[PDB]
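Take a look at the following structure, please.
The letters A, B, C, D and E name the chains in turn, as written, and every chain counts its residues from 1.
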Amino acid sequence: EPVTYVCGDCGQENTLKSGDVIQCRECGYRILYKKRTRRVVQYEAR
Amino acid sequence: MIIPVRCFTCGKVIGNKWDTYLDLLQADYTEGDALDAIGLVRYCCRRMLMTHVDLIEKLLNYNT
Amino acid sequence: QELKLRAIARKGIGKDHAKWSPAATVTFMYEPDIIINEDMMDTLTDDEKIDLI
Amino acid sequence: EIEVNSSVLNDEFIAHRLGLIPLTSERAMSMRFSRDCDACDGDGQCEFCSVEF
Amino acid sequence: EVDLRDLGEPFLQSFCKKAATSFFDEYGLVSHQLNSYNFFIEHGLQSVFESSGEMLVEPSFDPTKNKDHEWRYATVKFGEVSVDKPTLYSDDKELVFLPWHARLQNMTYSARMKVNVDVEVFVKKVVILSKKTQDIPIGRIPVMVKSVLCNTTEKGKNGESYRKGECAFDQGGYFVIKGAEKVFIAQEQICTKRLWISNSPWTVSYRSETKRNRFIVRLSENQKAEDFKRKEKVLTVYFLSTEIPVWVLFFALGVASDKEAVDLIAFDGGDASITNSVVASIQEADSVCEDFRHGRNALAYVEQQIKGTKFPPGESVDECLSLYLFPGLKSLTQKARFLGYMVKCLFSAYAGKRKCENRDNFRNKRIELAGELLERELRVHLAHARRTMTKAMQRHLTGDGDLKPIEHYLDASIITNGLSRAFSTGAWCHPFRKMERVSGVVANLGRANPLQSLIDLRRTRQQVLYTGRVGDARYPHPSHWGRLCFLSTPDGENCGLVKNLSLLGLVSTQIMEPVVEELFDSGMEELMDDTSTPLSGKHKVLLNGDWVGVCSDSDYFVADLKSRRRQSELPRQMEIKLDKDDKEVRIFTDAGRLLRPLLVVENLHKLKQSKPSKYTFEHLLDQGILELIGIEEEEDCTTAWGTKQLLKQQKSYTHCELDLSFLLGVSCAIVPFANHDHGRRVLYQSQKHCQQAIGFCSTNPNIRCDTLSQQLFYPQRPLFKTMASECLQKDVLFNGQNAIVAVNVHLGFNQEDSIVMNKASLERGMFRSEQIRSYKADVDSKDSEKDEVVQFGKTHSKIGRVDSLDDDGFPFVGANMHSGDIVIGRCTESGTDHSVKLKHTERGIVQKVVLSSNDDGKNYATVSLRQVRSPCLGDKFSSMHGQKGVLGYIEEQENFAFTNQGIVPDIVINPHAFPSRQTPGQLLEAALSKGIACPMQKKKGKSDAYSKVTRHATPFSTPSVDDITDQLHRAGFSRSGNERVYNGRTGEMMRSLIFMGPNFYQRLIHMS
């Protein structure tokens, strides 16, 4: 997968490339969370 | 947040008794009659139900 | 919202963690021997009887 | 092992609640401690320990 | 109904509970912050800008004609001010702006001010664009959350309150200044507009904060001490110079003769020292000028105001200056009478008939909230802006060039930078000397509890003046009753200087809509316009320290004023003060008193006759059952200690208090049995341990990007109940769990204030916490100066440890970041690493990655790690009673002493802690909660058997020992509190009976 960053209030995946000004397209707000990809993680039930 | 399984002191499973507790208090019962209706004799479990703060709902509302 | 996982149960005892202890109440007690006198009980009065009961 | 978690709770909270759910243990006296098993070094299901859910 | 019985105590205590919960429904707990900021925006902002007409005299030259004073003297004046709601001024359709955007993007949540300036410079005194100046940018003012300007307040509950910037626990009386959460502290000032009587030189004083030309009258100075002189009154320094005797200022104001000036003062007669003083005053008067001869023979001695001044007060130094003394008074025949009143006050203070002014009595104090402080700062930076502007207008003499009057001279960045440095630096302007700075003002806002924010938003502060006999400035004064808190305070550098506003305390704001004419309708004859002397021994009615009239039989007059106020016909924030000894009435319409509500003992008691099932607080202030009462007015009121039995023993009471536990602070009022502990322990619990306990954090953790957020798993409420926790209905005021505590000797591990837990209880989730820490970095815009580009990337050449970083420079969202890794890849293109790395003791699973920016591209990066901790063998805990320890020994389950039901304790403590530290409240709390949670036998018939159960450990009204012990007898247990156990090792009967029972314990931060 690529990085696929998610906006804060759009909810739309901008899929950011190399460093521009941090600003969500289709709007102007500048939040840009990062999406969790599909992995596995190990835990002890303790 | 949610009710804890396994009353901390003794170890009785109480993790399923929450909704029937709310329904018994909803009907007309006071708290002593409700806990005697569910069948919790020792006070280590009664203190675990009477003092539970249920915060999962406020978390469910504030997500998206 | 979703939740996909896979758990593996194993074997243990209660000294390793509290999740393996199957007890949830184990207790005992003694039982008393009460040898209540009858030649002192007929001395004291009826209000005192119903008081100390 | 959590593959996807997208609820308002966290991973250790859910694993901690899973650890306390009682399972019926009538073949546990005849099972073996998983440190004492020759097989089952694959983090999965086995027949003398390691039931998978 | 005149007996007031037959509607007795279960009705009245129920009414008090309903009134208190309706109080918090209407006002909340951050009411004063919001009211002062809202008042500033609504009135005081426009009230500041009305200053002058901006004349300009342009003094440069006069050698020649073409540089005479022939270019026009300009004129320009301000009009309306308009303040927007805060927007994010981007081009291509500007956006609405929220406080969570301001926190996550490191900007200032501010709004723009636009002023409607007018300019009409026009050449007609040589020997226009009032229009097209409607909206001129003048600075950017920050905005309080939940204000009348914040965008998170227009929707009530479920329209759009859920926006993306909210918590269910937040009420928001704070600011946001460049990413940080600021909060004002209430200051404390002297009440000016009141006469103040010193006694070291005997210098009775008419202060005025504005109008810095105002005077004092001093009687204890003789000018010499050779043999001795008689004390004579000199009206000392009057215009920051220029002493005058008193009689020249009498006959300058047109007193006709003597024996009326003696009747203007009108002292007792006899008491030779007074009349010796006044004849010495006259004999000093005629020695320096021959007065009382003409209209100018006495007034001409008022001459030091011209040259012997060092500072001539304006132009026309004459009778035009007579509106610099006493501006609230209107003509000279009242100013002479008020001078006589001042001198009578001084003479009455000399003979020991009027006590001098005690500074630390809180009726002499006005508290300045955010409104007045913003007033002061904005006046300073606006005055600097006016000077900087008028120096800029003068550079364009006799040639225009760039003349557009606006947007070329009026710089917004001046006021912008000023108001920013005021919040960020703490360089706050001193209230008196207009060049220096003060510091003990706006701080940071704590977030560890939701109770630390409440405590941090309700504080008031006495400054440090000089450490030479501060007096009682750090000791509770009997005027704190019901307004501030007399148990909880910090200790250390500022013990007792920072005080906690109580629960039911309120702060008055201002009273507009003038009320001089409103007083005539109950008495209040008007003041005369001549000396003569018709004034009898009638009482005096002052209004903010101003004679506006004179009434008689005031015992009926103030009764009628209070009766007009209780019928909602006079404003509600007005104090009515009847001084019966000094023969005086004071009426206050002032900004910054301390008010609290009380039950009025009606003679009809409408509660019996009507009984609705609802009581709004606006409704109960209309029927006059409750009443907002200040400190001045309360000392004329004999108030009972509750409806309990105390308003039923007599009828000599005129008021009643709602309940006595509302005397305490927000954090001290919820402590069980709080009047049983030593005061030092309650100070500990209610100032430090409540502010540190681990518990609730927030109800939207995806937006709070701050260092060290912490939280439990299973928070709880206590088994008991207090009054304030029930009326407030916030279960976030309790941060800990209900542990079971047994007092017994363990093997020697619980000595020296150390505690012993149970490992089985720790393994079922008890006291298990969860912390979240955030790591931050930054780099310039994109390419500009507005190589050293340290752009967020990978730099694949293996500098440190890069097992978890992605190509963007940041890890993924399920990582397991170790003891010391690379957490942000902030490396340049060719040079060495500038990347942030973990130190020795930070690690944990990645929770989220947040990437924001600023206006000039300053890209911000935020990474949060998560950890789960169980309490280790070095951590600290505490009870609700200042009884703290360290977990020293974690014990397995089957070795504890067990009862015949099989109950095991969760925490075991040492019985050597109780007989010294004097906290029996913990034992009483354990017995109360153990009597709550147990079942109740013999329930078959004769009762429902669960209705006579006490759950209320209210502090100043607490259950008796017999109630608790008879409840434990009803529940089946032993009356002494003890319980028989068997040992977990030998298995036989332990000989000593053990005291057990639940207790609310707490877990504190700074684990080790």
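The rule we apply is simple: contacts are C-beta pairs under 8 Å (C-beta built on N, C-alpha and C of every residue); 3 or more make two chains touch, one makes a residue touch a chain.
Q: Sort out for me whether B-D or A-C is joined by the greater number of C-beta contact pairs.
A: Ranking A-C and B-D by C-beta contacts puts B-D first.
Q: Using the mean of all protein Cα atoms as the middle point, what chain has its own Cα mean nearest that point?
A: So the chain sitting closest to the middle is E.
Q: Could you tell me the distance, in whole angstrom, between the mean C-alpha positions of subunit B and subunit E?
A: 40
Q: Whole-Å distance, subunit A centre to subunit D centre, using C-alpha means?
A: 33
Q: Quick one: report the Å distance separating subunit B from subunit C, using the average Cα coordinate of each chain.
A: 22
Q: Two-or-more-chain contact residues of subunit D, please, as numbers and ranges.
A: In subunit D, 1-4, 8, 11-13, 16, 18-20, 22 touch at least two other chains.
Q: For subunit B, what residues touch not just one other chain but two or more?
A: In subunit B, 1, 5-6, 10-11, 13, 42, 59, 63 touch at least two other chains.
Q: If you look at subunit E, which of its residues touch at least two other chains?
A: Subunit E, residues with two or more chain partners: 713, 760, 764-765, 845, 901-902.
Q: Run through the chains and report each pair that touches.
A: Here the touching pairs of chains are A-C, A-D, A-E, B-C, B-D, B-E, C-D, C-E, D-E.
Q: Write out the stretch or stretches of subunit B touching subunit C in their complex.
A: 6, 10-13, 42
Q: In their shared complex, at which residues does subunit D touch subunit E?
A: Residue positions touching the partner: 10-13, 16, 20.
Q: Report the residues of subunit C in contact with subunit B in the complex, numbered from low to high.
A: 18-19, 21, 23-25
Q: Would you mind writing out the residues of subunit C in touch with subunit D in their complex?
A: Of all residues in subunit C, those touching subunit D are 1-12, 17, 19, 22.
Q: What residues on subunit D touch subunit A, complex-wise?
A: The touching residues are 1-4, 11-12, 15-16, 18-19.
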